[PDB]
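Fold and contact review
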Amino acid sequence: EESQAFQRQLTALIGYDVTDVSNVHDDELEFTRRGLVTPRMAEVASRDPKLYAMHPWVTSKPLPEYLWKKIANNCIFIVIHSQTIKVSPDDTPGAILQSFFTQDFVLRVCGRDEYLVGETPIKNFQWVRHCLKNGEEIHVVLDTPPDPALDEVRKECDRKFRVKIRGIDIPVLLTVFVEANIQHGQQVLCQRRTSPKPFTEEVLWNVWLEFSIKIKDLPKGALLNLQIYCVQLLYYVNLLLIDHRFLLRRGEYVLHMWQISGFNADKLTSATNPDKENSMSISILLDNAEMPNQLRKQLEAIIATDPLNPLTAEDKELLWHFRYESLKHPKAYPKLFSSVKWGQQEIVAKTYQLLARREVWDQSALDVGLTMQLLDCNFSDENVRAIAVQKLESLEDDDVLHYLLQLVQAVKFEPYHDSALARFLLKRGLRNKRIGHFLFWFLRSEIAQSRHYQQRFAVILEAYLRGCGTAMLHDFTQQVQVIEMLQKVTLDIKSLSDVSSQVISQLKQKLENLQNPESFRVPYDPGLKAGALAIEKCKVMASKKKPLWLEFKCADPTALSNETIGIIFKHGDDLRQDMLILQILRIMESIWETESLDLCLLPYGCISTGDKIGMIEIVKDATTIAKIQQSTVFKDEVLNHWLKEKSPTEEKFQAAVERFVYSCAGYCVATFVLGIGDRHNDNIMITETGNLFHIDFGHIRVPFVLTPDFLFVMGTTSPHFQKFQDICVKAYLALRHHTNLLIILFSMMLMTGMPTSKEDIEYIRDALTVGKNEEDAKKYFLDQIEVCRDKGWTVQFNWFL
Ligand SMILES: CC(=O)c1ccc(-c2sc(NC(=O)NCCC(=O)NC(C)(C)C)nc2C)cc1
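Residues numbered from 1 in each chain as written, not as in the entry; some residues may be left out. Heavy atoms only, no water. Residues with missing side-chain atoms left out of burial classes, pairs and counts.

- For this entry, the PDB record names X-ray crystallography as the structure determination method and reports a resolution of 3.1500 Å.

1. Regarding the domain arrangement of the chain
- With domains assigned, the chain is organised as domain 1 (1-156), domain 2 (157-288), domain 3 (289-469), domain 4 (470-620) and domain 5 (621-797).
- Distance between the C-alpha centres of domain 4 and domain 5: 26 Å.
- On the domain 5 side, the residues contacting the 25 residues of domain 4 number 38 residues.
- For the pairing of domain 4 and domain 5, the buried interface totals around 2,800 Å² over both sides, and the portion due to carbon and sulfur atoms is 70%.
- Contact with domain 5 buries surface across domain 4, with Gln577, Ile581 and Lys620 losing the most and accounting together for 20% of the total.
- Summed over the shared surface of domain 4 and domain 5, the number is zero salt bridges.
- At 11 residues, the largest contribution of residues to the side of domain 4 that touches domain 5 is made by helix α22 (residues 575-593).
- By residue class, the composition of the side of domain 4 that touches domain 5 is 17 nonpolar, one polar and seven charged. (Domains from an automatic or database assignment. Contact = heavy atoms within 4.5 Å. Buried area = accessible area lost by both parts, 1.4 Å probe. Salt bridge = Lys/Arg side-chain N within 4 Å of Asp/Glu carboxyl O. Helix = DSSP H or I, 4+ residues; strand = E, 2+ residues; numbered from the N terminus. Nonpolar A, V, L, I, M, F, W, Y, C, P; charged D, E, K, R; others polar.)

2. Focus on the sheet that holds strand β14 (residues 281-286)
- The four strands are arranged β9-β5-β14-β12 in an open sheet whose pairing can be described as antiparallel. Bordering the open sheet on either side are β9 (202-214) and β12 (251-256), each of which pairs with just one other strand. Pairs of neighbouring strands in the sheet enclose a mean axial angle of 20°, with direction left out of account.
- Here strand β5 (residues 160-169) pairs with β9 via eight bridges, running antiparallel. Note on β9: the bridge partner recorded for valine 163 is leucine 209. (Pairing = 2+ DSSP bridges. Axes fitted to C-alpha atoms, helices over the stretch in contact; angles between N-to-C directions.)

3. Some words on the pattern of salt bridges
- As enumerated under the stated definition, the model contains 41 salt bridges in all.
- Between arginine 521 and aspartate 475 there is a salt bridge, and its shortest N-O distance comes to 2.8 Å. The residues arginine 521 and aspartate 475 share a single accessibility class, namely buried.
- Salt bridges here are not isolated pairs; linked through shared partners, they connect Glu30, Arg33, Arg34, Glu462 and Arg466. (Buried < 20%, exposed > 50% of the residue type's maximum accessible area, 1.4 Å probe, protein only.)

4. Notes on the sheet that holds strand β22 (residues 622-624)
- One open sheet holds the three strands; their spatial order is β22-β23-β24, and the pairing between them is antiparallel. With partners counted over all chains shown, the strands left at the sheet margins are β22 and β24 (692-694), one partner each. Sheet twist, expressed as the average angle between the axes of neighbouring strands with direction ignored, equals 30°.
- Of the strand pairs in this sheet, β22 and strand β23 (residues 684-687) are connected by three bridges, and their pairing is antiparallel.

5. As for the side chain of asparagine 225
- Inspection of the secondary structure assignment puts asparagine 225 in strand β10 (residues 223-229).
- Side-chain polar atoms of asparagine 225 contact the side chain of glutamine 227, separated by 3.2 Å.
- Engagement of the side chain of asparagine 225 in a polar contact is seen with the side chain of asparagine 238, the distance being 2.7 Å.
- Residues contacting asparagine 225, with those up to four places away along its chain left out, are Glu179, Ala180, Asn181, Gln183, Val237 and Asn238. (Polar contact = N/O pair within 3.5 Å; in protein donor to acceptor, adjacent residues only side chain to side chain.)

6. Let's talk about the site of the ligand
- The ligand sits among 17 residues. The nearest are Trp549, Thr564, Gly566, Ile618 and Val619.
- One of the side-chain N or O atoms of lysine 570 is found 3.3 Å from an oxygen atom in the ligand.
- The separation between a nitrogen atom of the ligand and a polar main-chain atom of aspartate 621 is 3.4 Å.
- Those elements giving two or more residues to the shell around the ligand turn out to be β18 (548-554), β19 (565-571) and β21 (613-617).
- Looking at the shell around the ligand element by element, the count peaks at four residues for β19.
- Here the shell around the ligand is built from residues that sort into 10 nonpolar, two polar and five charged. (Near = heavy atom within 4 Å.)

7. Some thoughts on helix α9 (residues 313-321)
- For α9, every residue scored as buried is listed here: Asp315, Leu318, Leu319 and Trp320.
- In the core, the buried residues of α9 are packed alongside α8 (293-304), α10 (323-326), α11 (333-337) and α12 (345-356).

8. So, unusual backbone geometry
- The residue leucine 173 is not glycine, and still its phi comes out positive at about 55°.
- Summarising the element assignment, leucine 173 is placed in the loop between β5 and β6 (175-184).
- Given a relative accessible area of 75%, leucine 173 falls into the exposed group.
- Positive phi outside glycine occurs at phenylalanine 246, with the angle close to 65°.
- With respect to the helices, strands and loops of the structure, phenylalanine 246 is situated in the loop between β11 (233-240) and β12.

9. Focus: the pairing of β18
- Buried residues dominate β18, accounting for five of its seven residues.
- One ladder, built from two bridges, connects strand β16 (residues 529-533) with β18; its direction is antiparallel. Along β18, the bridge assignment pairs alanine 530 with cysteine 554.
- Where strand β17 (residues 539-540) and β18 come together, two bridges link them in antiparallel fashion. Pairing of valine 540 across the sheet is with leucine 548, part of β18.
- By the bridge criterion, five bridges tie β18 to β19 in an arrangement that is antiparallel. Looking at the pairing, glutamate 551 lines up with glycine 566 of β19.

10. What to know about the side chain of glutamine 454
- Along the polypeptide, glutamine 454 turns up in helix α19 (residues 454-468).
- Setting aside residues no more than four positions away along its own chain, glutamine 454 makes contact with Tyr16, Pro274 and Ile447.

11. Comments concerning the packing of aromatic side chains
- This model, assessed by the stated rule, comprises 22 aromatic pairs.
- Geometrically, the ring pair formed by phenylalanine 660 and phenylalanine 710 is edge-to-face, given 5.2 Å between the ring centres and 65° between the ring planes. Summarising the burial analysis for this pair, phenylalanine 660 and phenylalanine 710 share the class buried.
- Ring centres of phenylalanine 721 and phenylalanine 724 lie 6.2 Å apart, and the angle between their planes is 20°; this geometry places the pair in the stacked category. One end of the pair, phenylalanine 721, and the other, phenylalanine 724, are both in helix α27 (residues 719-737), three residues apart, so they sit about a helical turn from each other. (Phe/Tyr/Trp six-rings, centres within 6.5 Å; stacked < 30°, edge-to-face > 60°.)

12. Thoughts on the pairing of strand β7 (residues 187-193)
- Pairing between β6 and β7: five bridges, direction antiparallel. Of the residues in β7, the one forming a bridge with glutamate 179 is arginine 193.
- The antiparallel hairpin formed by β6 and β7 contains two residues in its connecting segment, where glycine 185 sits at a positive phi of about 55°.

13. Section: the packing of helix α14 (residues 368-375) against helix α28 (residues 739-753)
- Between α14 and α28, whose axes approach to 8 Å, the crossing angle comes to 30°. Of the two elements, α14 crosses α28, and the hand of that crossing is left-handed. Residues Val368, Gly369, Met372, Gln373 and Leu375 of α14 touch α28, and the partners they reach there are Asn740, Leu741, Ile744, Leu745 and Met748.
- Of the residues that constitute the contact of α14 with α28, the class distribution is seven nonpolar, three polar and no charged. (Left-handed = near helix turned anticlockwise from the far one by under 90°.)

Written as C-alpha cells, this is what we have:
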C-alpha cells in the first residue's frame, strides 16, 4: 500500500534497507526498530510545535567579555524590514516586537531560515552573538510564524563455557589457527586456541574449546571474539554471548568474518560481513572503618592521574577495596569501573549495589570529559554507560550540537543496537531541528561507508526519520537528490581529466543540463538555502583530485547581499577525518570562550557523504599562503604586501594584522595539541581580512607553522609578536585545563576515524605537558615557538620534491 511507498522513501533517504534480513543471525535490529517506537512518539507528542517549527538557536551561557567590549553603549541595534531600533541586551523578542508596534508576527533572520523567538534575551541568541563577534548588523524581517501543521508526523549453571569450532571456509587465497576470546569492554577474561592446521579453502576442527569461566559468570555485553591467525591476524568476527533478551546464546552459527588491512572501532562490531561471496566464514556451535592517611594519599594520587595513565594491579586492588571511598570523587569513576572483574558474577553484583547509592555522582556538576570516558570502548556494562548518558541528559541543545558528532561516533562502542545513548540522540534530534539535521547527516555519512556499523546507524536513522516530520522529510529528500546529482558530476569530470578545454566545456555543459532541484538546504549550514547554479562561476579546481568548484544563488529573496554560496565537491579525500578535526576545533573554540578568549578559528563546514567523497564550504575572500608567495616570486615580505594590497584603509590593514595574530596563535596552539602543526604552506589559507586557517586535514621537522613570512607580518622582537607569544600561552594553558576531555576526544577520534595503537594517542598527552606546572608548560610552548623560528623555511622548501 501507500504505507509501503513511505518505507521505500525512507530507504531512499537512508541509503540502506532496514527491512532487509539478509545479514542477520538474530532479530536484534528489528527488536531495536520496535523498541525505538516508544521514545520516538514520546518525544514527538511532548515537543512544542511552535518552538519546534521555528527552532530558535539559543544558549544559556553568559555573553563573553570580548563581546561586551563591542557594545559600549548597552544598545544593540536591530534593523527591521525598514528602520533601526535601539534595544537592550536583555530585551526579549516579545518585548522587542511589542515595543516596535507601540501582534502575532515574528522576527526571522534576513536570508535565512532562522528565528529569534522564545523567552530568551537577544543577548542569548547565537545569530546575534555571531553578528556581534563579526561586527555585522542584525537584520530581520517581520514574517508570519511557520505553520506547525507542517511538522505533522505520519502516525505509526556452574558448567564452564564451551564453544564448538567446526571450521573455516574461504574460496580465496602457510598455517592457520583459531583464537576464541571472551571480551568485555576490550578486557579479555579468558582465551583459548585451536591446533595449527594447513591453511586451505576448508579447515575443519570439530573441536570443543573449554574456557576457564563459568556460565553464570558471563556478564551482559560480553563478546565471543573469534579470530584467525596465519604469526599474523587475518580475520575477525564477534558474537554477543548474551543477546538483547538476556538469553544465553545457543545454536549453530555461520559467521562471515571481516578481513584485516596491512585497536579501532570496527574490530568491535557485532555485525558480520555482508559480502558472503568472497568473505571468510567461521562455523561454530553453542550448547549450554575508614582509610589511613598514606593509603588515602596513594588513592587520591591514583584518581588524580590522566585517562591514559594505565592502572596497575595494586592500583585496581586499592580502588576496589576502597570503592565506597572512591565513589565520593566523580573523577575516579572511569578508573573505578575499570578495576572491576567483570568475569565474576558476585563482583558485578557488588558493583551494581555500589551504583545503587550514587548521590555524589548525581549531584556532581556535568563533566563532559568524564562522561566521554564512560561512553568509550573500555566500558561494556550498560549501567556504567547509562550513568554517563544520564549526565549527558542535562546538556542544553547548544552543547549537544557541540558534541553531536562524537556522541554519534561513540554509538559504535555500544554493545547492543538499542542503547541509552542511541535513545538519547533520538530524543535530542527529534526535540530540535538543528540537532536533527546534523544527526541525519552524521548517521548518513557512517551508513554510506561503514559496513561494520551501517545496520545499527540505519536503524537509528529510520527511527529518527519516522518522527522528524513531513516537512523535514521533504528537506532531506531534496538535499539527498542534489548531492547525488553533484557527486555523479564530480566522478565523471574526475574520470575525464592540469585542466583541459574539453574539461571546462564538459563541466559547464553538464551543469547546464543538470539544472533542467529548485532549491535545497545547505547540508553544512542548515540555515542557508541554495537555489539556481551560477554556472559561469563553476569550474574544476585543477587539484590532483579534480574537485568541483560550484557556486549557487541564495534562494531567499529576503537575503540582503548578492554573494553566492560556494561549495567544493571532492572525491579522493576521506572527509570523515576532516569532520572530526573541525568539530574538535569548534570544541577548542568553546573551551577558549569559557575563559573570554577568541582566537578567531575558521572551522569551515564540511560533510562526508560517501566513501572518500564529500562537500566543503567556501569561506569568503580567502587564498593560500603558498599562492601569495608564488604570485610575487621564499620571500618573507610578501604576506604583508598582499595584506596592504587587499585592505583599502590603513585602519582595515591594522585590523587585519590583529585578526591575523589572533587566528595564527589559535591555529598554532590547536595544530600543536592535535599533532597536525607541521603543514605545507599550500594547506594554510588566509582571508582578505587577515584571518588565517588550515585546510584539508585528511590523511594527515617542526612543531607547527610560524614561518618568517608570518613573523614579518608580525615584525621581527616586536610589540605584536609579544601579543602573539602571550595569546599562545594563554590558550595553551586554557586547553591544558581541559586536558582530560581533549585526550578522551583525541583517542575516540583515532579509534573511530583513523586507520591506531597505543603509541599514537600519547602524543596529545605529551603535547599537553601532562603532570607539569603551568609555568613550565608556558616555557615549553615558548621553546616550540623558538624552534619554529630557528627552522625557517627548511621544511617548507624540502616538501617541494
Ligand atoms: C584542497 C581542498 O579540498 C579545499 C581547498 C580550499 C577550500 C576552501 S576555499 C574557501 N574560501 C574561498 O575560496 N573564498 C573565495 C571565493 C568566494 O568568493 N566564495 C563565495 C562566492 C563567497 C562563496 N574556504 C575553504 C575551506 C576547501 C577545500
